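6 protein chains.
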Amino acid sequence: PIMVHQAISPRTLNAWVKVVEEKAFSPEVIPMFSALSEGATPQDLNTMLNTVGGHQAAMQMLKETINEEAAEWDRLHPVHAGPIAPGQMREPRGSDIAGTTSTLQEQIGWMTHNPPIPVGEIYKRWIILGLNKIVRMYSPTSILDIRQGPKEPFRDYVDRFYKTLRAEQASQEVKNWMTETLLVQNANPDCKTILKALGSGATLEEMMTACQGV
Amino acid sequence: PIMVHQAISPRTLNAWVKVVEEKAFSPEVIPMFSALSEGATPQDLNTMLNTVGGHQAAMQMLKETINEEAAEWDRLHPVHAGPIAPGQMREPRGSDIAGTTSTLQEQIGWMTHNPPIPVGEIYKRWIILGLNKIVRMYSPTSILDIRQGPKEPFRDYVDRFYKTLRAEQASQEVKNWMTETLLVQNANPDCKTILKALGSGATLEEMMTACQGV
Amino acid sequence: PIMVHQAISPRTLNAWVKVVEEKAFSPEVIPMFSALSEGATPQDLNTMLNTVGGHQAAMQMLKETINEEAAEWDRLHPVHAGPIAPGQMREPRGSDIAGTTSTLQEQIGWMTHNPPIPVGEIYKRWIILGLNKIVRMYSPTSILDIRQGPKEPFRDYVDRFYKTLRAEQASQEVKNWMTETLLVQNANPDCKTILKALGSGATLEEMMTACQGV
Amino acid sequence: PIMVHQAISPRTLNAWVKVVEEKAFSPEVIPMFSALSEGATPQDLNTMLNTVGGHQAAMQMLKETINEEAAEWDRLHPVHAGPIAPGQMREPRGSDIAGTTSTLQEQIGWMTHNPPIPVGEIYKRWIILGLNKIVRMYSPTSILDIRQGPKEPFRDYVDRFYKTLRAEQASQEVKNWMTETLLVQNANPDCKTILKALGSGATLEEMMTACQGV
Amino acid sequence: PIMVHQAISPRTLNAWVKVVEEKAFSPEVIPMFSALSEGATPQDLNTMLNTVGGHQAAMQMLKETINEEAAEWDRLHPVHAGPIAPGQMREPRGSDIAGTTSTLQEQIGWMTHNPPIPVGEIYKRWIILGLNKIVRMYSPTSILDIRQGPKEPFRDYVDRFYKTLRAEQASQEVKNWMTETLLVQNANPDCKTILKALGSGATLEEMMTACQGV
Amino acid sequence: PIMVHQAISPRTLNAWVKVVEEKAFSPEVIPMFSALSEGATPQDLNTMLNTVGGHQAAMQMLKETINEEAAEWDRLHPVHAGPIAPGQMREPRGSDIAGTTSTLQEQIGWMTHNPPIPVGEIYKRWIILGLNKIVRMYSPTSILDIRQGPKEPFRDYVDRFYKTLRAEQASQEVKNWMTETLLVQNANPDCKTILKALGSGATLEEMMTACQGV
Ligand SMILES: [Cl-]
Ligand SMILES: [Cl-]
Ligand SMILES: [Cl-]
Ligand SMILES: [Cl-]
Ligand SMILES: [Cl-]
Ligand SMILES: [Cl-]
Ligand SMILES: [Cl-]
Ligand SMILES: [Cl-]
Ligand SMILES: [Cl-]
Ligand SMILES: [Cl-]
Ligand SMILES: [Cl-]
Ligand SMILES: [Cl-]
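If you're matching them up, the sequences are chains A, B, C, D, E and F in order.
Residue numbers for the first sequence, in UniProt numbering: 133 to 134, 142 to 353.
Residue numbers for the second sequence, in UniProt numbering: 133 to 134, 142 to 353.
Residue numbers for the third sequence, in UniProt numbering: 133 to 134, 142 to 353.
Residue numbers for the fourth sequence, in UniProt numbering: 133 to 134, 142 to 353.
Residue numbers for the fifth sequence, in UniProt numbering: 133 to 134, 142 to 353.
Residue numbers for the sixth sequence, in UniProt numbering: 133 to 134, 142 to 353.
This is how it looks when you write it as structure tokens:
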């Protein structure tokens with residue numbers, strides 16, 4: 133990554156490869172990806188994606204999302220005809236942001252220049268957008284089906300609930316509705332009664348400590 | 133972390156991930172977290188939290204604590220209306236300290252500027268506050284129940300006592316009362332007699348060496 | 133690699156060696172190679188190749204490809220007779236780009252000089268060209284033979300399809316034809332009907348989510 | 133640690156944690172601790188101690204020793220009343236040296252300032268003092284009980300002798316008396332005769348090579 | 133290694156040690172050695188050799204080769220009598236290049252001085268010369284004995300051929316003769332016929348793809 | 133180690156610890172030690188020795204050798220009475236070189252000052268001197284007892300010979316006599332005849348290749 144240019148480290152690459160083998164597309168893979176690609180050029184971002192073996196339905200799916208975002212960027216940013224003056228550099232296309240039609244030096248130029256054109260962070264947003272689509276498709280369970288089993292420790296039910304909740308790509312408002320509606324509704328009879336008694340404004344801490352004995 | 144900005148290292152991230160898998164929320168997890176997040180920006184702190192898979196009841200609980208602290212910061216620090224002058228940067232909100240509504244560059248700006256606004260260390264205190272709440276809730280044993288078993292080496296009883304003591308979030312004054320009261324009271328008959336004979340001002344060293352033979 | 144010269148790191152070398160032992164010549168080996176050889180001089184590129192034990196039919200094959208590209212470079216770039224002036228350095232031959240007839244200092248000279256002569260990136264392209272030839276020869280399955288089995292989850296069929304597709308060295312236009320023709324054609328009866336109903340312009344996401352239940 | 144400030148490295152922390160799990164409080168733990176804490180601030184020293192899980196009787200014992208040394212420092216160094224001038228910084232208390240009542244910046248200030256106030260090395264001496272107390276208490280064998288068994292290779296007896304000797308916290312004069320008295324006295328009959336014949340001034344090398352055959 | 144002097148890294152040393160234990164004197168050991176000794180002083184080169192345990196017939200053999208090359212250097216470079224002036228440094232002998240009679244500082248002096256006297260790269264060539272002698276002696280199979288077995292995949296026969304070829308220290312002209320003569324001659328009947336039909340100028344790629352079905 | 144001071148790295152320390160556990164006092168331990176202690180101050184050298192657990196007969200033996208060398212240094216270098224002037228630093232005693240009576244800063248002073256007083260390299264020579272004494276004492280086999288067994292491959296006999304030779308601390312002249320006398324003398328009948336026929340000036344290479352078939 134990068142403001143002095145640097146190659147992607149052996150142990151960044153290796154760490155990313157192992158993450159995908161072990162955890163596939165579990166929600167936490169996406170923060171790991173972003174963490175390992177901090178300050179990454181499009182070339183470095185493409186490296187991480189291309190070094191993934193297997194999971195090629197998702198990697199192909201990711202390409203289409205990236206292409207869709209590229210087409211959208213080109214629509215909003217039409218390229219103007221003309222010779223690039225000595226002090227300036229050309230406007231990036233969608234394919235330049237995705238790294239397929241731009242050199243490393245062009246990518247370095249845009250990121251470092253005074254008006255920064257952060258193609259690294261733009262392309263990364265496109266990748267993360269497509270990764271979210273994969274997680275949601277690749278999640279086995281639906282949030283609607285998470286119901287506490289009889290004699291299930293609440294703590295284990297809440298772990299399953301917010302884990303499954305974590306893989307829906309839901310906005311904060313949508314995730315807020317699911318919490319106040321499904322969590323208490325789908326608790327088991329013994330603890331559900333207790334939770335109705337806490338009222339309409341109790342924290343998760345209060346709900347978990349309330350059903351700790353039961 | 134950071142005064143030159145730096146990305147979170149592959150082996151910092153990986154170390155933190157393994158800590159939580161192996162040790163869950165054992166008291167020592169919190170010092171490990173703080174150690175691995177030294178000089179961290181809110182973006183780096185959020186990275187560590189988001190890269191944790193599982194334990195999503197606690198991670199959700201942690202969000203509420205962070206939001207409570209954010210609401211408290213906003214109450215004490217009301218934002219004033221106006222255009223941010225060239226030489227200055229805006230006042231951070233609670234959400235800016237938690238990183239959700241601020242950019243990396245804004246976080247870098249506050250931490251490096253001459254009046255330092257250490258959003259990293261402020262947000263970290265909020266996270267550590269919530270981590271303490273988790274440890275205490277997630278501790279299986281109570282300090283009141285730690286009693287030395289018949290024929291139990293004192294050393295093993297003291298290990299269990301101060302381990303269980305370690306997970307209560309007790310102030311120094313509260314932890315002091317538990318030591319002078321419960322430790323000797325809940326020792327086994329043979330060693331308890333010996334300890335009453337040491338008097339009301341003996342060190343742990345003297346108590347452990349006194350009951351070494353018995 | 134390199142603009143200050145640096146030796147190839149112990150853990151770059153070791154990482155590359157393990158990659159080839161574990162994954163042989165699977166498509167992802169090539170992006171891994173390029174990633175680990177970022178900014179590499181021809182000497183560093185030769186190091187990575189020579190440190191590979193076994194697979195000597197491929198490594199020998201790679202030599203011929205490199206020699207073919209060297210012969211082509213010499214044809215296009217004929218060397219002129221004359222003593223190299225103090226301020227300049229000689230024109231590289233194909234063997235100079237491949238590192239066999241040039242010193243490390245000559246390779247450093249070309250890469251750093253004001254008109255950059257990127258022998259590292261030129262030789263790397265020749266190596267990657269030959270690596271593609273190996274992958275295609277060393278691929279066991281043909282893309283034509285990938286047919287979805289009865290009761291096979293589409294997701295698994297698409298994984299096999301784009302994995303096998305990945306090892307053909309096909310241009311984008313050739314890979315595009317295979318997608319729109321073979322993927323739907325070679326699906327199993329139950330899902331194939333569903334896919335004909337999506338129409339002639341649906342994304343992979345829509346095709347995978349359509350055949351998710353079936 | 134530090142004269143430019145630096146955070147404690149991931150692999151320093153991890154190394155220290157593993158040392159205590161594997162070797163507990165074996166004499167060599169103390170040199171390992173000092174080695175891993177070279178140039179450490181009190182904050183870094185507290186980190187290493189707090190990240191130790193288990194062994195909480197010793198860690199609590201260590202706190203008391205540190206508090207005793209703190210009380211002693213305060214007695215010898217009484218704090219004077221007054222506002223700290225711009226060019227100077229306040230006098231450290233015992234709690235400031237132990238890091239509990241001082242900030243990282245105050246600790247950095249004292250260590251770097253022209254009259255250096257090495258709170259890191261002072262606090263480290265207090266910690267090492269308490270670690271020695273633990274080793275001696277936690278040693279199972281006494282030096283008095285190490286007697287060479289019949290047919291025991293001297294080399295193995297000398298290994299046991301100086302290992303057990305190593306955990307007594309004995310001054311050089313006390314350890315010198317034990318060598319010249321117990322080592323030869325407690326050897327087995329066959330080798331003991333040989334050693335009396337070497338005389339009152341022979342080296343360990345001469346004693347070991349003398350009893351090599353026997 | 134080195142133009143600022145540096146000590147050999149822990150992980151360079153360890154990597155080299157493991158290479159020799161696992162792979163002995165397989166052809167690839169020599170490129171690994173050269174890679175790990177890039178920019179090495181004679182002291183660093185001697186370190187790598189001396190840290191090898193076992194294989195002492197080869198390490199002794201290597202000493203003689205180094206001594207032979209040293210004697211040859213002294214013959215070609217006779218030392219002149221005189222006091223070394225302040226601005227200059229003495230001429231290196233063979234033993235100075237091998238590090239046995241020169242200090243680290245003398246080795247640093249020669250490598251860094253304006254007329255560079257690369258004792259590191261000279262001594263390294265002597266070591267690599269002797270390593271080649273070992274590989275050839277320590278190779279179990281002869282290139283003459285590599286014959287394709289009945290029903291042996293050509294690819295496996297070519298792997299064995301160029302592996303065994305790799306350990307002969309043969310010049311390019313000698314290795315060229317073996318390829319065009321033995322490879323086709325010693326193929327099995329079914330594939331041999333096919334290869335005669337390709338003609339006297341076909342690549343390894345064409346030969347391997349020709350005998351792929353057979 | 134060091142001309143800017145640096146703390147001993149976590150992975151230097153750990154590497155040294157593992158070396159001694161796995162290989163004890165095999166000849167190669169000594170080059171490993173020297174390699175890992177390149178540029179080490181006496182404090183760093185003492186760290187490596189003190190972090191060794193077990194083997195305390197040898198570590199104690201090493202202390203005596205170091206003390207003997209210290210006494211010898213003091214005899215040759217008598218300390219003169221007087222106050223150390225501002226521009227100068229005091230003369231080191233034997234105990235100052237061994238680090239027991241000197242501070243880290245004094246050790247840094249001597250090593251960096253214009254007339255360098257390399258206490259690191261002096262003390263290291265004393266340690267290496269004592270390590271050689273240990274290896275020789277701790278070697279199980281004598282060079283005199285290495286005789287080639289009937290049907291033993293010469294290569295294996297030469298490995299045993301120069302391995303056992305390696306642990307005698309023999310000068311080059313003493314090791315030279317053992318080679319020309321014992322190696323051929325103690326070979327087995329079949330190969331011994333062959334070696335007498337090579338003559339009185341053949342290399343190890345010629346001797347090993349001569350007895351390769353037999
Ligand atoms: Cl993310
Ligand atoms: Cl969520
Ligand atoms: Cl903490
Ligand atoms: Cl506590
Ligand atoms: Cl590639
Ligand atoms: Cl593809
Ligand atoms: Cl110590
Ligand atoms: Cl001792
Ligand atoms: Cl080589
Ligand atoms: Cl070859
Ligand atoms: Cl040595
Ligand atoms: Cl030897």
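Each residue gets a CB set at the ideal place from its N, CA and C atoms; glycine is no exception.
- Taken in chain order, the unbroken stretches of alpha helix (DSSP H) that lie wholly in the segment 227-288 of chain D and span 4 residues or more are 233-236, 243-251, 258-277.
- Put simply, of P328(F), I256(F), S176(F) the residue whose alpha carbon is nearest the alpha carbon of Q145(F) is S176(F).
- When Cβ-Cβ separations below 8 angstroms define contact, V297(B) makes contact with chain D.
- Where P149(E) is concerned, the enclosing alpha helix (DSSP H) starts and stops at 149-162.
- Within the segment 154-167 of chain E, the residues whose Cβ lies closer than 8 angstroms to any Cβ of chain C are, in chain order, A154, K162, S165, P166, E167.
- Sequence-ordered contacts of the segment 187-215 of chain B with chain A read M187, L188, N189, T190, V191, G192, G193, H194, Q195, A196, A197, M198, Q199, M200, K202, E203, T204, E207 [C-beta pairs closer than 9 angstroms].
- At least 8 angstroms separates the CB of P254(D) from every CB of chain F.
- Excluding residues up to 5 positions away in sequence, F293, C330, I333 lie with their Cβ nearer than 6 angstroms to the Cβ of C350(D) in the same chain.
- A contact is defined here as three or more CB-CB pairs under 8 angstroms, and the segment 315-322 of chain E fails this definition with respect to the segment 250-269 of chain E.
- Remark: the shortest separation between the CB of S173(B) and any heavy atom of ligand 3 falls under 7 angstroms.
- In summary, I223(E) is exposed, with fewer than 16 beta-carbon neighbours lying within 10 Å of its beta-carbon over all protein chains present.
- Here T180(B) is not near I267(B), since their CB atoms are 8 angstroms or more apart.
- Neighbours of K272(B) across chain A, judged by C-beta separation under 9 angstroms: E344.
- The set of residues with any CB-heavy atom separation to ligand 4 below 5 angstroms comprises, in chain order, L304(B), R305(B).
- In this structure, the alpha-carbon of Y296(D) lies about 46 angstroms from that of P279(B).
- Neighbours of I147(A) in chain C, taken as residues at a C-beta separation under 8 angstroms, are given in chain order as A174, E177.
- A237(A) has its alpha-carbon roughly 35 angstroms from the corresponding atom of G226(B).
- Beta-carbon to beta-carbon, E167(B) and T190(D) are separated by about 5 angstroms, close enough to satisfy the 8 angstroms threshold.
- Only residues of its own chain outside the window of five on either side were considered, and among them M250 have a CB closer than 7 angstroms to the CB of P257(B), listed in chain order.
- Annotation for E208(E): the continuous alpha helix (DSSP H) segment containing it runs 195-215.
- Checking the 7 angstroms criterion, the Cβ of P181(D) is out of range of every heavy atom belonging to ligand 3.
- Proximity of the segment 229-243 of chain A to the segment 296-309 of chain A falls short of the contact definition, fewer than three beta-carbon pairs being nearer than 8 angstroms.
- The residue from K157(B), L215(B), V143(B), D235(B) with its alpha-carbon nearest to that of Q182(B) is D235(B).
- Annotation: the continuous alpha helix (DSSP H) that includes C330(C) extends over 328-337.
- For the options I282(B), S173(B), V156(B), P254(B), the alpha carbon positioned closest to that of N185(D) is the one of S173(B).
- Relative to the non-hydrogen atoms of ligand 6, the Cβ of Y262(A) never comes closer than 7 angstroms to any of them.
- Annotated three-state conformation of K314(D) is helix, per DSSP.
- Apart from sequence neighbours up to five positions away, the residues of its chain that approach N325(F) with a beta-carbon distance below 6 angstroms are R286, ordered along the chain.
- Shortest gap from the CB of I267(C) to any heavy atom of ligand 11: 7 angstroms or more.
- A Cβ of chain D is located within less than 8 angstroms of the beta carbon of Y301(B).
- Below the 8 angstroms Cβ cutoff, chain D contributes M276 as neighbours of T348(B), in chain order.
- At the C-beta level, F164(D) and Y277(D) come within 8 angstroms of one another.
- Straight-line measurement puts the Cα of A336(C) at about 37 angstroms from the Cα of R299(A).
- Under the Cβ distance rule, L304(C) does not count among the residues neighbouring chain E, no pair being separated by less than 8 angstroms.
- Taking 7 angstroms as the cut-off, the C-beta of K314(C) counts as close to a heavy atom of ligand 6.
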